[PDB]
Every structure is written in structure tokens, then in C-alpha cells.
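Sharing a structure here in C-alpha cells format.
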Amino acid sequence: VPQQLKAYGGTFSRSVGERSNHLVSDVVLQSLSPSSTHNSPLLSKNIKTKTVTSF
Amino acid sequence: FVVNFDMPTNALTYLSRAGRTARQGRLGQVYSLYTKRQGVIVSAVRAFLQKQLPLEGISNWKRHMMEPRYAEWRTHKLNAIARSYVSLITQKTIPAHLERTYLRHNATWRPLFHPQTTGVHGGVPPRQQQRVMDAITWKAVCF
Amino acid sequence: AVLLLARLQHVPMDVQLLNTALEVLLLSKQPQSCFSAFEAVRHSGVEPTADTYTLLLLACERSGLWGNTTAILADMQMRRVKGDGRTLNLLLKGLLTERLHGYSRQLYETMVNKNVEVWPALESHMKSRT
Amino acid sequence: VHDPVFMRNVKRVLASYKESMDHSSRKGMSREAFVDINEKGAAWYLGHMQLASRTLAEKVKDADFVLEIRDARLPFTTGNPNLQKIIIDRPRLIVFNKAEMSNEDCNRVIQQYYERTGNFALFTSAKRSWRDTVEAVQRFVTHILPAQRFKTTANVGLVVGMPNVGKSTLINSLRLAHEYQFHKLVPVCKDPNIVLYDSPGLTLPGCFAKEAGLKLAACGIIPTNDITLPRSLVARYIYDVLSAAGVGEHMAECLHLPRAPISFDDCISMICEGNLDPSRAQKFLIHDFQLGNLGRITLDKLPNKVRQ
Amino acid sequence: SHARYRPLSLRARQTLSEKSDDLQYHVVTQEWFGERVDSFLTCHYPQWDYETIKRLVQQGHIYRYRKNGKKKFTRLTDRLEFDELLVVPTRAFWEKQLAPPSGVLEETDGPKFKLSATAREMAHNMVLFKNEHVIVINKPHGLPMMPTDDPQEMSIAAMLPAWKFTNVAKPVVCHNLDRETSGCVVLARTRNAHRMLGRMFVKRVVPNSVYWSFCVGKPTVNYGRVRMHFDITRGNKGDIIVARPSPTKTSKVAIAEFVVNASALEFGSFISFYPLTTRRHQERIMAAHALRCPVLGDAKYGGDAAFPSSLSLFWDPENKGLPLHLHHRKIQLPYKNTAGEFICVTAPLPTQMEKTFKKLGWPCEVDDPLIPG
Amino acid sequence: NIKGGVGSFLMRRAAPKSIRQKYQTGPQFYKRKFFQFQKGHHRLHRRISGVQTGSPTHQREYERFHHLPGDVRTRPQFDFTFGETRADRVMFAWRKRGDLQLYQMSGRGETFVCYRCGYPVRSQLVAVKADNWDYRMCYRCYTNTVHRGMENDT
Amino acid sequence: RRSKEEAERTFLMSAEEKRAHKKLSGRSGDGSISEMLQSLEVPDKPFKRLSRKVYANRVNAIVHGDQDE
Amino acid sequence: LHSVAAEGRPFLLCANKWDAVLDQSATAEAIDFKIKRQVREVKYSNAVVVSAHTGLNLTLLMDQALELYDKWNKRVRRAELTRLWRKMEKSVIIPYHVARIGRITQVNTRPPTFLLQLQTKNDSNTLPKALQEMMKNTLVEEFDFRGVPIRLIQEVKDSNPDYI
Amino acid sequence: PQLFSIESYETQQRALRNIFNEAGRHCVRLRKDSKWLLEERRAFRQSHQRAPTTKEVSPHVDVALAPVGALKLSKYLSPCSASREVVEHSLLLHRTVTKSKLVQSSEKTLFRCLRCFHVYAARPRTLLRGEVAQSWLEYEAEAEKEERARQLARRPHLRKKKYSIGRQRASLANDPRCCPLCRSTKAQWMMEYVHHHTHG
RNA sequence: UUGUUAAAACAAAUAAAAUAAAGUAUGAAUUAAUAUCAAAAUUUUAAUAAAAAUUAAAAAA
RNA sequence: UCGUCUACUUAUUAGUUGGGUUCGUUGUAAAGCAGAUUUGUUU
Ligand SMILES: [Mg+2]
Ligand SMILES: [Zn+2]
Ligand SMILES: [Zn+2]
């Protein structure tokens, strides 16, 4: 008799940090969501967004 | 217009090819011929473009696109339970004796047991699965 | 009669019961059911006779499939059971409908040799074809 | 064996079905008069047949020919009024089923009028199989319809007829024949490339007037139930038609009556005089009119223009 | 009608808002530093209603640009900022294939109808339950809810100006009813009350309406749940309704719960419907085909079995003008009374249905415990 | 013909369909995509609760939420606790501020959905909009609506 | 299906009936709907509702072998 | 034959060593039955029996190969294509939910390819292989493309860059 | 000619409509139940938003007897007469309508059973409750059972005085839901029976 | 009470009366974390909460 | 948001005879649109 009680049949991924923690940096791009920026060394630091209207 | 004679296996090459044709608001077009091998990535990119999402984390490996992380599935499952909880309160009246059963199947968050090895024990603690199995077999061989 | 036959159970098999059930299923709503029963009993059981073959051919005439018109003749030949005049006439009619020229001519020749009467419409059709 | 709770559940639902279907009383509304089976499933159409004129025209324009199926007892009332109103450019082949019961004179009159107009009337009896009918239809196609341009294409016939007349039975017979030969449409003969296209709702009449229902129940098309339509309304109309014919001695000779009846009550009492109550006596009279021991009967009238 | 609006997804609406040029970019000088968005807009545009400004701001047609390259969407309670722009659409912005909200445009009432004192008395008699938010009236039999093809024929939609006892504008009917239906009709006084009550009449799971009907014949079960899928198609003179048991991509489901209250010798029966959907002739067609027993007087659906020889004892089958036994008996409201129970209003049966129930011996005025309140 | 697989967890970013649902510009009328509950709660509904430190002879029922800021710190106007009991078991009702009026239930908190925040809220405090009991508000959204001065508009 | 159609509850089916029809139309595994219907065709008498203590005493007596089912 | 059909070249079977066989009519029927068993437009070719030592009807094989090249470059008009598919959309039975084909116009020859313009704008609404097989089934017997492979190009409707 | 046989069927049906509307003036006043009357006064105030009218609530049930002509009509009509079915069905319908108006009364009335043929005085509402099959009569029965449970659950000793064997046996004799001789629930209105016998 | 047949018979099924199936000795097994176990109502804390707090007072076989 | 529409028209005469064939109130520009919305370890 198969196991009747089950919570999740499939299997979760193995990437703990972010999506596609196995690919090389030349194949997959890095995420830019605020949840992933504050963890990266470059994105968590200062970022300027103010613009200038004319030359 | 750019004609990708073969679908690139990664989003990095696709956007780099796509960038050349359209420059500074100029009208452009991309024709990417694909076969059965690039069927996975062409299915995600086509969906990523229709909903206007950034091509971040796109791969050709099918198991990579269908299997999510535990915490990411944790966030999505918590929202799916709430959306059913809102529709249950808004458009339904449940009796008193069914109040425990409705909230147990459509309104409560039930954590999994070791989601790392969830493919073996199904997410339910096997010490429970052993007690449940003793209830099935005792009434199966009795039948 | 169909209901009573469906209720029937645990009764020995005989050619009389076989042809009676064939008549029942022929006059029933589905003429193909008697053909199915004949194909079921074809493996084993009592041997069918010329009356049963006439019933099968009448059912085929009523329904209109006629896909096994030559199969019935092949079964009769391999069973090595002679057929009656009405059986051979219905087989002639089936072959003429299925435009099997060689088999129809052979059966007509052997019928004229046996000196067994045929249907007037079939005889007129044969004389008009010749 | 599956789950015992499921066994108990199916037992309970089967018992409920049994206790629901035990009642022999039949509901008033004739479910058959509105249900119409097709390839997608059982469908219920609502409304008359006049508001679907353009929906019928757009399909008769696409179909090659118009194969209609009517009943010989009452030709005109069974079909489509817009087909008779507006002339159809496509050739029409009208199969009158149950032709053994219709008036031979009226049959020859209606077939003469159809030949004058351009249509082809084919009268089919119960002893005749559908194979001769479809063969004659193929012969009509190869005689009247011009040759198709491309060899692979096929000529399409739009079938117009109620499911009680025999359209659905013909469709099922052709379907099973084709399936057995090979093992939304229906192919009949692949050598001349003839196919048929059915339209359920355009042929389903739906609602009907009182006299229309009387004629349909007398012909056997529409069902008869005690709640919606007593046997009196139809049997008195049958007797009134017989009296307009005036064949009282003929009624007596048919019903084995001692003398010629005078009124409907007299007819009922004389049929009652085997012994049986007036209800079953009227039922047997209607059954006689259905089976057709009374022959040469035409309930549908013929307009002056069709008689000219 | 110089601009024909078209369906637009969120992506297309954003693309059109980016492509358009009929915008006005208000700067925020030192004088308007720190003012709320709603106050700013209500001080700048005196002709725009406050509800219109609310709808614009909360839908996003009036956003602000903080010089950061991207546009920023704010609510009414948000404060402004120095050096940033506030983008407001102009009149010509709504002339493209983009549908504007309701309040931004001007809707002209045009010609109005003048009612007589007799019609006003009849409307005041039809009024059943009066409230500062909702007005319940008893619609008579054979009255058109909305103006039909004949413009000279009377209708309820033009009797609205006679019901506003103190409001500044006429009430708005919440849900329309069939011409033959003799039930209760609900009107909303407040323009906001109509929007708030419009949610109740969408497809639901729990019923809140009662339909009393008298069908010809007795169905098999005393209580049951009717369900069928409708397809409405345009025809030459009218519409064609196709009923299926199975779903379809174009089909719209219709569900009701019917209970047989009494049976008159299996030739006539009194039943109560509680619907869950809103479809044209829904309960009528349900009783006609599903229950296989048409309601007394539904000539349009099974006219032969509508007037039966069984009930011919009471009514003349040759007239065929008896009122269709279709009455919206009881309907609930979200408003509560002083007792705490929801207000469920009940409409009295027409005199013809009362005569029918008296001839049949059934009580005409009975409460319905299935729908509480 | 080509069968490509993509998980739904990637397309959840475009779950909202309008600006009000995505940028939270107004009240979500039972249409909210993403929620935020405190970590550890299994029953997904925000909780507005009160304390009980005495008998009703000394501590009134409307003094349970005395710790929460707003209208509860004042005396209610209507007292339905005496005489016959209401069907919905409402014990107090505060002054009708604009289009919103507050009500305190009895017994365990009836979980409802606030149309402003979109969350299921289990509390005794409920704010009814214009006497229409289909659109309710949690006390937190009620206090914020009043402080912003949106009680007449929302 | 023919029994259902004869009952004429096509438009009046409910949740339990629809679920039963679904689970019987679905091709089962170890089970067999033919044998299940043959076993259902038995006209045997049903059991009446009893109390918990009375039913436990019944079970104990049956285990001992002194009382019938 | 499947590999040659995938390239786009008209092929033709040849039964070499035809004089060494024992029965001439037995082998000719085994090949014909093997031919009709083929699928995907391979079946629509012919089989020529040839002997290289005796020299049996070698000129007939060289004549059929010349006819295949003429049909390989055959030019079909456009209006004839629309009338064929308009009447074919009705006569065939399509159980699959597919979008209506707007126009049919052959674009390139040798091999002759056809353009099938769809009405919808979605990319996943391509016709199944069963519908492509039926489309290739009629083009060969109606327009005498026997033994000639045919490609198909399903063009989805493209939107306008200005959108009006 | 014309539709002689059709008009004859319509003429006879029109006669049945008139002779049954004539029998309406012969009525037997029956006072309604005390609890049921207050149920009509209550439902009327919520429906019409007005005080009930003594002429509309009709506290006296107006039951109509079968017309004297109809009973002697089907009597002298032979079973072979085709016009007997159309008048028999007209009487069966009025025989049930008389039951529908009878159940609304609660005064003592003669009711005979058909099993052992015993004549006894009963109240029509409680006796014909199981035959009439009316949901509002079903819902009031479920409503009164709760009303009794509310009084008994508030005071358990209240059951001792109200529900006793002396009280239970007395109430059964006051509302004889079954014949005291055969214990059968099947009954018949004696007034309709004696009306059918002395005319037939 | 229902259904079948005929101008009373048969089959189903329960609710009233009647019959039995100890108060004697013989005597197991399921179960078992536990205070001489928390009668109830209110409120609340991470999912039935029999977990906590506030009122209140819940006898024994 | 449960609306309405098996007759008009062209001739003909005094009921007869041949041709042709929808409108509209209100909300909303999303808070709107397929389908389901059921659970008693109950015997
Ligand atoms: Mg929906
Ligand atoms: Zn809130
Ligand atoms: Zn008695």
C-alpha cells in the first residue's frame, strides 16, 4: 500500500542563496529586487537615482 | 529586424542580440527560430515578456524552472492560503461543527518536515506516517 | 424476451437455445448483438446449423453492415456443414450486394447444379447482369 | 475492492436514484420536445424557428445541397417555414418517411409540385433500409449537382429534420456503418465524395400551437402525457378529421363497429363495447392511427398556391 | 462620440500613458511644499469633484514624477515634495482609445419626463420600505423595468424622479427584473450606496432572494439544486437560449435551490427558488426544463403546458392572460435594524396570485424561514 | 506541440492586475495579492485584542481596548447590554463619524475582512461603513482613516 | 449511467452524486466496479444504529463467538 | 526515404536485381504494401523495378525522375489555393481546437513551400502535427505533388507598430 | 362543417367551471387556529407594513362543498361514457382542494377512518398534517418543537407537570391523530363523505 | 404504509402489545504520563487549546 | 446589474392574393468578466 499521507510530493531546489546558484555568472543574470540588493556587496551600498533635466 | 537562427541558451545572449536592432526608440523586431531542444527557455521567455518581467534567472534546464526554493514556495503558499481564507469569509457561511475542518484545510499554514528531503517522506514526519500506516494495514488485512 | 434472456443464467448450451437467442437479438433494437454472440460462441460450444446461419444473414440484412458476408461463407466451409436453400439464397444476395463477382458466379453455378430455386428478384438481377 | 466508505456512498446514491425513479408518473413538460442530441452532447434549444432565418441562410449558402427529412402524414408543418418562404438556390432532396400511411393522391400532388419547383421528393417505407435511400441520394447528387472543381473536395448536404422523423437514426446508422467499414459530419460514400452536415437547433421546432401539437401527437412526433395534453384533445381532432372526410361506414369497417357512429361519445362507447374503459379505448384508437391500419390519411392541408 | 474606447490591459494602458502628450506637469514651488495631493488637486481644479479626484489618484492617472526617471504613484493622504512634478491628464487625453473614469467627463441628463399626480400616488403605493440608503418598491405584474423598443410605452426607469422624497437626484435601480416578474425592486439613493450594494447581486454561494412560483405538475424531489449552462445568441427577431448540462467556453452557469412547499394533486405545485446566479429567464427556464414542470402562465416557454386542462377548472384556458406566477417574495439587505437581525423585506403577492392561492386553499401570507433576517 | 515547463512561482511578480492592487494606492476591496503576517502565526489573520482585569461591575467591556489609541478611550454612546440581547451580540456603538461607526461584539472575536487593508481580522471592534454590514474595517484602519480625515470619503 | 438517465436527474444532480459518478467513471486499480455492483446486488438486510457501549459489547461477544453479526 | 524527405528532394524507389527474383508479381505487391504503410508524405512516391545486368526498363526510371524535377519547380497560382482550403475546411473533421487559416499562398519552390497565415496573435496556437499531415495530404494528390516533399510555414498575425 | 367534437369538449369543460363556481356560495364556517391566526397577523404586518384587516385575514375558513349536480353527474354517467373522465378529474381536484382548506381549521370536526371505519371527532390540522404535505405546516411543527425545548431546558422540573402520563394521555384524546380502534392515520372528512353518499 | 394481480391473496419494512436473554457463582481483553484533575462563563497567547489570565463556585455512590 | 422585440413593409380590395425584411435605463474604465465553492472518524 502506498503512503497515504503526504504534504508535498515534489522536491524543492538546492539553491540556498538565490535562484540558479549553480550556473556561471556569464549565463544567468543577477536579480535586482530589494531583497537581493541589500545582500550583494555592490548593490547594498550607495546608489544614485537623481537626474538632471537639461544639458 | 534581427533573425536569431538558433535560440540562445541564456537570457544574456538573447538581450545582447535583441539590443542591436532597436536603438533609442526605433522600431525593431526579433525572429528567434526554435526547436524541441530550446522548448524550455522559449516557454519562460515568452511568458516573461508578455507579463513584462525582467529576464532574471532564466535557464534551459527544465528541472531548474519547475522546482522552486523552500522559502520562495513558503511565501507563495502563504499568500495562496490567505486568498482562499478571504474568499471563504466573504462568500460563505460555515456551520459550527465544520469550523475546525474549514480552517484546517483553507486557512492555516502547516510547516513541512525537513523540506530538504521532502522527496522521500513527502514532507510529513515519518513517525506520524508510521502510526498512520499501522491504521491502514490493520484494517486492510482485516478486510 | 430480451429482459428474460438477460436474466437467464446457468443453463446448458444447445443449438435450439442458441438460435432462439439469435432470433431475440435479431428482433431486438441492436441487430449486431446476435452477431457478437455468434462470434462469442464461434470459439467453442454447439455447432451452428443452417437455421442459425439464416438468422445471422437476416440480422445482417436488417442492420446493413455486411462486412463479414464472406466470413460467414468461410466459416460454413471450415465447419463443413451444408446450408439450406434459403441460406444459400441469402448468401447469394449478400455477395451480390458486396459485388464479389467471382464468388457470386461460383455460388450461382453450384446452385443451378444442385437445382435449388432462388429468389425471383435475384434471378432477374443475375439474368440482367449476364 | 475500493474504499468501504465509497462503497457505502455509491450504495446510498444508487438507492436514492431507485427511490426517485420508482415513481411511474411522468412530468408534464415533454423533455423530448426540447432535447436534441449532437456530437458535443445533449442540447436544449429555446425559441421558435423564425428568429433563426439568417443563421439558416448562412449555412444553406455554405452547404452544397439541402437534404430535408419530413413525415409523409403532415409534410408542411414539419420542417422550416423560412425554407418555404424564401427560395433556396441549392437543390433540395426531401425524404418523406412513413409514406405507407399518407394519401397516395396527396403524395403524388406534393411530389409533382416539388418537381415543378425543382426539388426531388423521395418516399421511404419501413421495409426499405437506409442503404437504398443513401444510394438514391448519391444518384441525385451525381445527376443534378455539377462536378466539383478540385478532386479532393466533397459536396456537403445540410440535413434539416426533427429527431423524431428519423434524422438522428439515419445519422447514427451512417456513422456506425462508416466506423465498421473503417474498422460533426458524416461521410456516406467516399467514391463520389458526399458528406452531410447536421443542424440540431434549426430543425428543433420547440414551442407549438394547439392544433400543431394535436397534429404532432396524432402523427406520433410529439409525446403525449396526461398532465400537459390529455388524449381527448387529440382523439377528438382525429375524429373531426375523419368526420370532415365523412367516411362513417369506413370508420365502422375499420373499427369493427356494428353501425356507423353519430358522435364522438358514440364512437367511444362503441369501441368500449374484449371490454375496456374509454381511456384505454381512446389510447387504442390513437395507437391504430399511429401504426397505420387507417391508410390514405393526410392531416396537413395544402395551400391554394401549392394546389394550383 | 468622437472617441471610441477599446479594451486595454495594464500593459497597454501604461504604454498609452507613456506615448501620450496631452499631459500637464505641475511643479511644486516653495508655496506648495508639503501640501497633500488631494488638497493640491482640489485647490487647482475647482470643476473636478472630490470623488473624481479620488478615483483618478487611486487608479493612477494622476501620478507624480520625483526626477528619479520613474513615475511614483501616491494616494490621497500622501504629502508632496519640492522640485518634483505632478502629472495630470488634460481634456484631450481622453480622446484616444483610452476609456476615462466616470467623474472626469460631464454626463448630460437631457430630456426629462413629467409625471402626473396619479402616477406619483401609484409610486408612493408601490413603495414598501424607505431608508436613508435604500428604497424597496413592489413592482406590479406586466410592467417594463427598462424602456423597451416602443418609446411610447411606460416603464419603471422613467418613474425615478417621483421617488426622491428629499434627495438631490433620482434613485438608481440596483437590479433589473423581467417584465412578467411581479416581485420587489431595490433602488439605491446614494451614488455611493449603489456602488456598495452592487456587490450583492453578483454570482454568490449563499442565496439571499426568494422566488415564489406555481408550476404545473409536481417534480420528483421536494428539495433540490438546479444547475444548467446557458448560451445566448443573437437572432433575427430576438435571442436564442441553449441549455446544456455540460460546461462550455462560452456558457454561463445558472444555479438555484428549489424547495417544493406544497403539491396540488400532482397537477400543480407551489415552489420556492433561491438563486445563486443572475441569468435571463433563469428560474423560468429552470422550472420549465430541469424540473420538467412549467410555471403556470409561462407562454413563452412551454405555452401548451402553461395553461393546463387540470387547472382549467379555475381559469379559462382560452384567455391565456393570467399573470405569470413569478414573485420575488423576500430579499435580504446588509442593513440591520435596532434588534440586530438583518433587514429582510417581503413583498405581498398580487391579487391574482392571492386569488389562485385562495382557490387552492394555500395561505397567501407566510414567512420564509429558509432566508433568515 | 512543443511542451515547455515554467513554474508559477516565477510569474507571481505580475500577480496584481491594476495599480491599486500593485502599488497600494487605495483600499483593496477584497482584492489583495500579497500579505504580511508576523512570523510564527499559523492561522492567517491579524489580531486586535484586549485585556480583562476585572468584573464588568468595575471594568466595563469597552475598557478592554483601553491600551489601543483612538475612540475606545472614550465612553460609548449606545448601550445595548441591558434589556434584550442583540442577535449579533453587539454591546456598544460609538458616535457615527462621517460614514463610519464603531461596534464592539461579544463572545470570541468574529473574524471579518477589512476592505481597507484587505486582511482577515479577528477582533471585537468593527467599523461599519454607512450602515452597510458587508464593508467592515479593523480598528487600526479605522483610527488611521480618521487621523487622515478620510472617514467621510472612505 | 442509464439508471441515472431513467431517474431523469440530469439537471438535478448534487455534489455527492457528481463525485460518485466521477470516481466510478475513473478507471480504478485493484477495485472493479463490475464486482462491486455484483456485491451491491445482494438484498441483505442492513444494521441498525446502536450505542457505543452496546456496540462494544456486541463486538466483544462476536470475538468470543457467542453472538451473530 | 525519411532522411531524403527531410532534406526536400524528390525521391524515387528502385528495386535493383529484378531479374534474379523468382516471382515477379509477389515482390511487386510487397513493395506496394510497404509503400502505402509509409507516412509523412514518403508514401506518395513510386517504385520502379530495374535490373542492371539485363537492362530492364531503365529508360522508364529516367523518365519518372525527369517528371519529379518538373513538379519540384511547379508554380501553383494563389487563387486556386484559397478555393481549395475554403471548401476543405468544411469537408474535413477537425476535433482539435485550432485557429482559422486566413490565406494560403506558396512562397518558395524546389521544394514547393506554402504559407499558412493564422488569425490569432498567440505563438502557441500553432497547428498540431495531425493537421499539418492533413494539409500535406491534400496538396500532393490534388496538385499532383506525388513523390515531392512539401514544407509548411505557419505565420502568426503580426500587430501594427503604431496601433492607431 | 366545423369543430363539433372539439367545441363539445370545450363546452362541457366550461360547464364544470361554472357549476363549481356556483357551489362556492354553499360554505361551512370554520374558525382558524389560535396560534395559526396570530401567524397570519404577524406575516401580514411585515408584508404590507400595515395593521391586519379583519376582512383580509379571514379568521373563518370558507370551505366549499362539491356541487350537488356533479355528484349525481358522475353517478348516472356510465363508465363507458367519455365525458365521465373529464368530470371525475374535476371532482378529484376539488376533493383535494377541500383538504387544503380543511387543514387550516382547528375546531372539532367529524373524521372517520377508512381502515376499521370508525367515526370520531378530531381537529383537522393535527390529523391531516401528514397527508397534506405543506412545508409551512412542516416548518411550524419544527418551530413548536423548539419552542417546547426552550421551556423545558430552562426548567427541567417544568416537564414533570406539563409532560406526564396523565397529561400525555389527555392530550392524545384531545387531538386524535389516529383512530382509537385501529390506530390508523388514514382519515376522511365525514361532512364530505355524507355529502357524497346522500347525493350519489 | 407501499407495490403486484383479480372482481381477496402475495412481498417489503418499521412504530404499539407479547415472548425472552439473572440481583447467583466463574471470570478475561482493548486502554493506561499524571496531581484525592482544572463544575462553568469571559478574555487572550504561534493551528481543537482541556496553555495562561479574570469572574464564578463546582458534593458522594 | 434576471429588460424588450414570431410582425412590419409594398401593392390589392372587402376576409382574399403575389414581393422585401431591434431598441434601450444604470454602474464601471476596475472594486468587472470560465468553472467549483463541499467536509459531522458520521451507522
Ligand atoms: Mg465568476
Ligand atoms: Zn484594515
Ligand atoms: Zn379506525
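Do you know which of the residues in segment F:119-133 that are of a type in the set (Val, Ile, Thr) and within 13 Å of chain E (Cβ to nearest Cβ) is farthest from RNA strand K (Cβ to nearest atom)?
Selected residue: F:126.
Filter segment D:142-168 down to residues that are touching a strand residue (DSSP E or B) at 6+ places or on another chain (Cβ under 7 Å) and hydrophobic (A, V, I, L, M, F, W, C) and give me whichever is farthest from residue D:200 (Cα to Cα).
D:145
Do we have residue B:73 as surrounded by 14 or more Cβ atoms within 10 Å (Cβ to Cβ), more than 16 Å from ligand 3 (Cβ to nearest atom) and either more than 9 Å from chain A (Cβ to nearest Cβ) or over 19 Å from the mean Cα position of the chain (by Cα) (or both) here?
no
Tell me whether segment F:23-39 contains one or more residues that are more than 16 Å from ligand 2 (Cβ to nearest atom), more than 30 Å from residue B:52 (Cβ to Cβ) and of a type outside the set (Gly, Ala, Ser).
Yes, segment F:23-39 has at least one match.
Sticking with this one: Take the conditions within 7 Å of another protein chain (Cβ to nearest Cβ), among the hydroxyl-bearing types (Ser, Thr, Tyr), surrounded by 13 or more Cβ atoms within 10 Å (Cβ to Cβ) and not in a loop (DSSP other than H, G, I, E, B) and apply them to residue B:43. Does it pass?
yes
Please verify whether segment G:33-47 includes one or more residues that are among the hydroxyl-bearing types (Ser, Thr, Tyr) and more than 13 Å from RNA strand K (Cβ to nearest atom).
Taking every residue of segment G:33-47 in turn, at least one turns out to be among the hydroxyl-bearing types (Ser, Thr, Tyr) and more than 13 Å from RNA strand K (Cβ to nearest atom).
Looking only at segment I:67-108, filter to residues that are closer than 29 Å to residue I:135 by Cβ and of a type in the set (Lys, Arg); which one of those is surrounded by the fewest Cβ atoms within 10 Å (Cβ to Cβ)?
Checked segment I:67-108; the qualifying residue surrounded by the fewest Cβ atoms within 10 Å (Cβ to Cβ) is I:108.
Determine the pairs where a residue that is within 14 Å of another protein chain (Cβ to nearest Cβ), located within segment I:131-160, has a partner that is among the aromatic types (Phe, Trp, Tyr) and in a helix (DSSP H, G or I) with Cβ atoms under 9 Å apart, the partner being 6 or more residues away or on another chain.
Hits for this filter: I:140/I:36.
If we only count strands (runs of 3 or more DSSP E) wholly inside segment E:130-238, which ones have 3 or more residues that are within 13 Å of RNA strand K (Cβ to nearest atom)?
Once the strands (runs of 3 or more DSSP E) in segment E:130-238 are filtered for at least 3 residues that are within 13 Å of RNA strand K (Cβ to nearest atom), what remains is E:184-188, E:209-216, E:223-234.
State all residues of segment I:174-200 that are farther than 30 Å from residue I:68 by Cα and more than 15 Å from ligand 3 (Cβ to nearest atom); if no residue qualifies, say none.
I:174, I:175
Kindly indicate whether any position in segment E:100-119 is surrounded by 15 or more Cβ atoms within 10 Å (Cβ to Cβ), within 16 Å of RNA strand K (Cβ to nearest atom), more than 14 Å from chain F (Cβ to nearest Cβ) and under 24 Å from residue E:326 (Cβ atoms).
No, because not a single residue in segment E:100-119 is surrounded by 15 or more Cβ atoms within 10 Å (Cβ to Cβ), within 16 Å of RNA strand K (Cβ to nearest atom), more than 14 Å from chain F (Cβ to nearest Cβ) and under 24 Å from residue E:326 (Cβ atoms).
Could you tell me which numbered condition residue I:111 fails, if it satisfies all but one of (1) more than 16 Å from ligand 3 (Cβ to nearest atom); (2) surrounded by 19 or more Cβ atoms within 10 Å (Cβ to Cβ); (3) of a type in the set (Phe, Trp, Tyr)?
All conditions are met except number (1).
I would also like to ask the following. Sort through E:127, E:173, E:168, E:134 and tell me the only one that's within 14 Å of chain F (Cβ to nearest Cβ) and away from RNA strand J (no atom under 16 Å from the Cβ).
Result of the check over E:127, E:173, E:168, E:134: E:134.
One line per residue, one yes/no per condition, for (1) closer than 17 Å to residue H:96 by Cα; (2) within 14 Å of chain D (Cβ to nearest Cβ):
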position: H:113; (1), (2): no, no
position: H:117; (1), (2): no, no
position: H:120; (1), (2): yes, no
position: H:123; (1), (2): yes, no
position: H:140; (1), (2): no, yes
position: H:147; (1), (2): no, no
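Every residue, every condition in (1) facing another protein chain (nearest Cβ under 9 Å); (2) surrounded by 12 or more Cβ atoms within 10 Å (Cβ to Cβ); (3) more than 28 Å from residue D:25 (Cα to Cα), yes or no:
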position	(1), (2), (3)
G:13	yes, yes, no
G:16	yes, yes, no
G:27	no, no, yes
G:34	no, no, yes
G:43	no, no, no
G:63	no, no, yes
G:67	no, yes, yes
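A further question on this structure: Which residue is surrounded by the most Cβ atoms within 10 Å (Cβ to Cβ), if the candidates are limited to segment E:277-331 and must be within 11 Å of another protein chain (Cβ to nearest Cβ) and assigned to a strand (DSSP E or B)?
Only one residue fits best here, namely E:295.
Output the number of residues of segment E:230-276 satisfying the condition of being closer than 29 Å to residue E:149 by Cβ and either among the β-branched types (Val, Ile, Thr) or at the interface with chain D (Cβ under 10 Å from one of its Cβ atoms) (or both).
Count: 15.
Write out, first by first residue and then by second, each pair whose Cβ atoms fall under 7 Å of each other, whose residues are 6+ apart or on separate chains, and whose first residue, in segment A:19-34, is more than 22 Å from residue B:70 (Cβ to Cβ) while the second is assigned to a loop (DSSP other than H, G, I, E, B) and among the hydrophobic types (A, V, I, L, M, F, W, C).
Listed by first residue and then by second, the contacts come to A:29/B:55.
Same structure again: Restricting attention to segment D:244-267, which residues are within 7 Å of chain I (Cβ to nearest Cβ) and either touching a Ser or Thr at 6+ places or on another chain (Cβ under 8 Å) or part of a loop (DSSP other than H, G, I, E, B) (or both)?
Those that are within 7 Å of chain I (Cβ to nearest Cβ) and either touching a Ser or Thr at 6+ places or on another chain (Cβ under 8 Å) or part of a loop (DSSP other than H, G, I, E, B) (or both): D:264, D:265.
Would you mind finding the one in F:52, F:38, F:59 that is in contact with a strand residue (DSSP E or B) (Cβ under 9 Å, 6 or more places away or on another chain) and either of a type in the set (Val, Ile, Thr) or part of a loop (DSSP other than H, G, I, E, B) (or both)?
F:38
A quick yes/no check of all residues on (1) within 16 Å of RNA strand K (Cβ to nearest atom); (2) in a loop (DSSP other than H, G, I, E, B):
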{"residue": "F:104", "(1), (2)": "no, no"}
{"residue": "F:107", "(1), (2)": "no, yes"}
{"residue": "F:117", "(1), (2)": "yes, yes"}
{"residue": "F:135", "(1), (2)": "yes, no"}
{"residue": "F:146", "(1), (2)": "no, no"}
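Further, regarding this structure: Let me spell it out: the conditions are (1) assigned to a helix (DSSP H, G or I); (2) at the interface with chain F (Cβ under 7 Å from one of its Cβ atoms); (3) surrounded by 18 or more Cβ atoms within 10 Å (Cβ to Cβ), and residue B:64 meets all of them except one. Which number is the exception?
The number of the failed condition is (2).
Does residue D:26 satisfy the criteria of being within 29 Å of residue D:84 (Cα to Cα) and facing chain G (nearest Cβ under 10 Å)?
No.
Would you confirm, using the coordinates I've provided, whether residue H:141 is assigned to a helix (DSSP H, G or I) and farther than 28 Å from residue H:7 by Cα?
No; evaluated as a whole, the condition is false for this residue.
If you check every pair at least six apart or on different chains, which have Cβ atoms under 7 Å apart with a residue in segment F:132-154 that is among the polar types (S, T, N, Q) first and a residue that is more than 16 Å from ligand 3 (Cβ to nearest atom) and part of a helix (DSSP H, G or I) second?
Once the first residue is among the polar types (S, T, N, Q) and sits in segment F:132-154, its partners that are more than 16 Å from ligand 3 (Cβ to nearest atom) and part of a helix (DSSP H, G or I) give F:132/E:196; F:154/F:145.
Within segment I:22-123, which helices (runs of 4 or more DSSP H) (wholly inside it) include 2 or more residues that are closer than 30 Å to residue E:366 by Cα and not hydrophobic (A, V, I, L, M, F, W, C)?
I:34-48, I:54-57, I:83-102
Here is a further query. Quick check: anything in segment B:84-95 β-branched (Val, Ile, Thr), more than 16 Å from RNA strand J (Cβ to nearest atom) and more than 30 Å from residue F:133 (Cα to Cα)?
no
When we count neighbours, we look across all protein chains shown, and the Cβ atoms used for this are built from the backbone with ideal geometry, even at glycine. All of the numbers you see were taken from the coordinates with simple rules; none came from a lab.
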